[PDB]
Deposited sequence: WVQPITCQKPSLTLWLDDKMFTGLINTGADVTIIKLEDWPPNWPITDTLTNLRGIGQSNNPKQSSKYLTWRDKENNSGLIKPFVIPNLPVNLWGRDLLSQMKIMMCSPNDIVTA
């Protein structure tokens, strides 16, 4: 797939351990941040300062590529933030004409 960077929100939708999450492609962060309000409460979290998933989560995209991330879980943010931990596993390249 291709996505131009525009003023619009650059979004990915994908699964983490078989639940769907949408969020903002966030090249400026090393790690992924999931909103606490979106966090399945049966899924265990631990402090580190911010909370983090206790378990690694399997991410899967709609083309069935997959891998592992261990996101931070943070209250009071507008959107999930896909970090380079995830983007680097999807082999995403930035290109200019």
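Residues 49 to 59, 109 to 114 of the deposited sequence have no C-alpha coordinates in the model.
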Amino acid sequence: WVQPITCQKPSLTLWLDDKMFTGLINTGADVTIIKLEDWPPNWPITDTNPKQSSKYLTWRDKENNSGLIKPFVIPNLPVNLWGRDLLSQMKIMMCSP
From here on, numbers count along this sequence of modelled residues.
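Per-stretch averaging of Cα B factors for 68 to 76 and 26 to 34 places 68 to 76 on top.
Once the C-alpha B-factors are averaged per stretch, 35 to 43 and 57 to 65 rank with 35 to 43 first.
Looking at the C-alpha B-factors along this chain, the one for residue 90 belongs to the middle third. Compared with the other modelled residues of the chain, the Cα B-factor recorded for residue 5 ranks in the lowest third.
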